[PDB]
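Position 1 is the first residue of the sequence; numbering continues from there. Whatever order the structure lists them in is the order used to number ligands and atoms, beginning at 1. Both backbone and side-chain heavy atoms feed into the values below; hydrogens, waters and symmetry mates do not.
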Amino acid sequence: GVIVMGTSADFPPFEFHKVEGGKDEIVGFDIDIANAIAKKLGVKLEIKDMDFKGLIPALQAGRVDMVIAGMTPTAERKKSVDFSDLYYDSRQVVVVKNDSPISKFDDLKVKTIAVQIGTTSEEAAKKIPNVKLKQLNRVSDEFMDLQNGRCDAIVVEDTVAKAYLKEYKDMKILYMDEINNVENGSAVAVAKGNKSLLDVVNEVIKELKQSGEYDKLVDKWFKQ
Ligand SMILES: NC(=[NH2+])NCCC[C@H](N)C(=O)O
């Protein structure tokens, strides 16, 4: 009577902790999608918050039934788990301080770049010549690093950077063509061979899109 979802709730507006009024709720676009799935199945949704890097291992081990975490369905990951249809696009960007000497992609050479372990953002940064990778479990620490001068830049998705920059007013996004040369988009992951759940997930994503509910969710999370 339960479906267990794994996520990494450091990724507003997809999943994050909204802490106010005596509540600590994990909320976001991905959570709304998860609740639509739970409702179709007629079960209770339980969410486990963990480091992003642990999500695929948890799914493989059966510690969660599905992962929704702004997760890109890469060819590499498809060897290990199964992915739903895409439910949102995404783009890699670079975040720097307002007074950064970095203006363009070439300027990233030899720099210290904060990235989240196990991500396409990390994959993108690894291609920078002579990069000094600073690898973090959680995105929130990457922003603390940049604020405190412990890195020169962050690589992270555009929509998430925009969310963090609501608070981090001394940072800016650089839209560099070349940093986005990785697989894009987000999809739901389920364990390899779990067709029953995958089919339901794909049906729910399709019905969200076709019923108008998806557009309501997108307005709520991405059009503010
Ligand atoms: N909840 C998160 N921290 N998500 C990170 C996702 C980053 C990137 N889209 C990936 O699939 O690797």
Side-chain angles (χ1 to χ4, degrees), residues 4-18 24-35 37 45 47-60 63-64 66-95 113-128 133-146 153-165 167-168 173 175-176 179-190 201 205 217 221-222:
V4 181
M5 174 180 56
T7 194
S8 180
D10 58 348
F11 213 61
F14 296 88
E15 49 266 335
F16 63 99
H17 287 260
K18 181 178 181 198
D24 167 21
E25 303 176 304
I26 296 170
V27 300
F29 185 59
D30 284 350
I31 308 310
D32 291 350
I33 294 173
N35 274 295
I37 292 165
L45 175 69
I47 305 172
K48 294 182 178 179
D49 189 12
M50 67 187 74
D51 295 335
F52 181 87
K53 69 186 189 181
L55 291 165
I56 286 170
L59 188 57
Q60 292 176 290
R63 295 196 292 270
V64 301
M66 67 180 174
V67 166
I68 319 190
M71 179 177 286
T72 301
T74 68
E76 177 70 10
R77 288 166 179 169
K78 285 175 176 179
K79 303 176 166 179
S80 297
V81 300
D82 289 336
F83 287 93
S84 74
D85 295 318
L86 293 170
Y87 64 80
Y88 210 63
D89 192 17
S90 65
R91 178 197 303 275
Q92 300 300 308
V93 305
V94 173
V95 182
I113 308 296
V115 294
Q116 179 166 47
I117 296 159
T119 64
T120 55
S121 303
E122 173 178 59
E123 181 182 333
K126 280 179 174 178
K127 293 183 284 180
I128 295 161
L133 279 196
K134 190 178 191 299
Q135 292 164 289
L136 285 304
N137 291 334
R138 301 281 276 203
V139 175
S140 53
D141 292 303
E142 300 170 46
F143 281 85
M144 290 162 64
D145 284 340
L146 186 62
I154 303 168
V155 176
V156 71
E157 267 134 271
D158 184 30
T159 57
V160 177
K162 294 185 179 177
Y164 275 93
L165 267 52
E167 299 306 323
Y168 285 100
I173 297 171
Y175 293 91
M176 306 184 177
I179 199 71
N180 197 41
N181 292 346
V182 290
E183 292 154 292
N184 310 113
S186 301
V188 176
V190 301
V201 171
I205 294 170
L217 297 179
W221 295 111
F222 301 109

With a 4.0 Å cut-off on heavy atoms, is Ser90 in contact with ligand 1?
no
Next item on the list: Flag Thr72 as yes when one of its N or O atoms lies below 3.5 Å from any N or O atom of ligand 1, and as no otherwise.
Entry: yes
Within the 4.0 Å heavy-atom cut-off, what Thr74 brings close to ligand 1 is neither
In ligand 1, the atoms that come under 4.0 Å of a heavy atom of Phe52 are 2 (C), 3 (N), 4 (N), 5 (C), 6 (C), 10 (C), 11 (O), 12 (O)
Legend entry - Polar contact flag, side-chain donor to acceptor under 3.5 angstrom, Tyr175-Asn180: no
Atoms of ligand 1 under 4.0 Å from any heavy atom of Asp10, numbered from 1 in the order shown, are 1 (N), 2 (C), 3 (N)
Quick look: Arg77 vs ligand 1, heavy-atom contacts under 4.0 Å, and the answer is side chain
Q) Are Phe52 and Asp10 close enough that some pair of their side-chain heavy atoms sits under 4.5 Å apart? A) no
In short, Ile154 meets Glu142 closest at the heavy-atom pair CD1-O, 3.4 Å
Atom 8 (C) of ligand 1: closest protein heavy atom, distance to 0.1 Å, is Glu157 OE1, 3.1 Å
Of all protein heavy atoms, the one nearest atom 2 (C) of ligand 1 is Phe11 CG, 3.4 Å
If only atom types and distance count, is the side chain of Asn137 paired as donor or acceptor with the main-chain N or O of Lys53 below 3.5 Å? no
One thing to verify: whether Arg138 and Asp49 come together as a salt bridge, which I'm taking to mean a side-chain N less than 4.0 angstrom from a carboxylate O. yes
Q | Test item: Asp89 and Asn184 side chains (from C-beta on) under 4.5 Å apart, heavy atoms | A | yes
min-distance protein heavy atom vs atom 4 (N) of ligand 1 -> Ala69 O, 2.9 Å
Q. Under 3.5 Å, N or O to N or O, is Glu15 touching ligand 1 that way?
A. yes
**Study point:** Heavy-atom side-chain proximity of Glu157 to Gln92 below 4.5 angstrom
**Key:** yes
d(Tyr87 OH, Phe14 CZ) to nearest 0.5 Å is 6.5 Å
Original post:
If you measure every N/O of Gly70 against every N/O of ligand 1, is any gap under 3.5 Å?
Top reply: yes
> Has ligand 1 got any nitrogen or oxygen that is less than 3.5 angstrom from a nitrogen or oxygen of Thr119?
Replying inline: no
A student checking ligand 1 against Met71 at a 4.0 Å heavy-atom cut-off should list atoms 11 (O)
Note: ligand 1 atoms sitting under 4.0 Å from heavy atoms of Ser8 are 1 (N), 2 (C), 3 (N)
Near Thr120 (heavy-atom distance under 4.0 Å), the atoms of ligand 1 are 8 (C), 9 (N), 10 (C), 12 (O)
Any chance the rings of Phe222 and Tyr88 have centres within less than 6.0 Å? yes
Check: of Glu183, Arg138, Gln116, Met50, min heavy-atom distance to atom 3 (N) of ligand 1 comes from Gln116
The reported gap from CD in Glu76 to CD in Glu123 (rounded to nearest 0.5 angstrom) is 9.0 Å
